[PDB]
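# Secondary and tertiary structure notes
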Amino acid sequence: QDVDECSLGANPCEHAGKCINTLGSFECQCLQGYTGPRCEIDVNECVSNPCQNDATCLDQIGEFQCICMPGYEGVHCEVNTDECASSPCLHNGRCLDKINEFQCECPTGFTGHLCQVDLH
Ligand SMILES: [Ca+2]
Ligand SMILES: [Ca+2]
Ligand SMILES: [Ca+2]
Ligand SMILES: [Ca+2]
Ligand SMILES: [Cl-]
Ligand SMILES: [Cl-]
Ligand code: NA
Ligand code: NA
């Protein structure tokens, strides 16, 4: 004789998991982001510290999201944004990459941060 645990008053599977009856026991089909025999674990997607460079990790349902510290980008904030990519230095100035910052080394005779000032 078998008792259907799923048909009973309450659902033994936590977090809206699907209850599937078996002979002798029961099993839980968990939703994305939940684990355990009764879906009682909210999987920590931030447990392995996936966010890099002092970024903040958000433990979400079935996913993680990284809030990047200024100057960094990407899903894991792994990319140090190249501020020289957009070519900010006018009149062909040398660009030096920093954090959320660029450094223009202006040609002769220009100045100073974007090399826009013509000294004539
Ligand atoms: Ca059963
Ligand atoms: Ca989670
Ligand atoms: Ca940078
Ligand atoms: Ca600047
Ligand atoms: Cl992210
Ligand atoms: Cl300037
Ligand atoms: Na981008
Ligand atoms: Na300038």
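Regarding how it was determined, this PDB entry cites X-ray crystallography in its header, along with a resolution of 2.60 Å.

### Side note on the coordination of the calcium ion (ligand 3)
Octahedral metals with six donors have ideal donor angles of 90 or 180 degrees. Tetrahedral metals with four donors have an ideal donor angle of 109.5 degrees. Ligation of the calcium ion (ligand 3) by protein atoms is provided by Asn80 (OD1), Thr81 (O), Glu83 (OE), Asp97 (OD), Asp97 (OD) and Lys98 (O), these donors lying 2.2 to 3.0 Å from the ion. Around the calcium ion (ligand 3), the six donor atoms sit at angles spanning 44 to 160 degrees, and that spread fits a shape best called irregular. As a motif over one chain, the donors of the calcium ion (ligand 3) read N-T-x1-E-x13-D-K. The class of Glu83 is buried, set by a relative accessible area of 14%.

### A short note on the pairing of strand 6 (residues 64–67)
Two faces, one strand: in a regular strand the side chains alternate between the faces of the sheet. Summarising the sheet, strand 5 (residues 56–59) and strand 6 pair through four bridges and their orientation is antiparallel. Bridge assignment links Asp59 to a residue of strand 6, and that residue is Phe64. Taking the residues that link successive antiparallel strands as the turn, the strand 5-strand 6 hairpin has four residues, and the phi of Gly62 there is positive, at about 80 degrees.

### Thoughts on the pattern of salt bridges
Tallied over the entire structure, the rule returns two salt bridges. In this structure, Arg38 engages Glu14 in a salt bridge whose closest nitrogen and oxygen atoms are separated by 2.9 Å. Note that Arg38 is positioned in the loop between strand 3 (34–35) and strand 4 (41–42) and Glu14 in the segment before strand 1 (18–21), a separation of 24 residues in sequence. What makes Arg38 partly exposed here is its relative accessible area of 32%. Salt-bridge contacts for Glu40 lead to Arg38; the nearest nitrogen and oxygen are separated by 3.9 Å. In this structure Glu40 comes out as partly exposed when scored by relative accessible area, which is 34%. A network of salt bridges, in which partner residues are shared, links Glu14, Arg38 and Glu40.

Rules of the game
Residues numbered from 1 in each chain as written, not as in the entry; some residues may be left out. Chains lettered and ligands numbered in written order. Heavy atoms only, no water. Donors = N, O, S within 2.8 Å, 3.2 Å for Na, K, Ca; no water. Tetrahedral: all angles 85-135°; square planar, octahedral: opposite > 155°, others 65-115°. Buried < 20%, exposed > 50% of the residue type's maximum accessible area, 1.4 Å probe, protein only. Pairing = 2+ DSSP bridges. Helix = DSSP H or I, 4+ residues; strand = E, 2+ residues; numbered from the N terminus. Salt bridge = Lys/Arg side-chain N within 4 Å of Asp/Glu carboxyl O.

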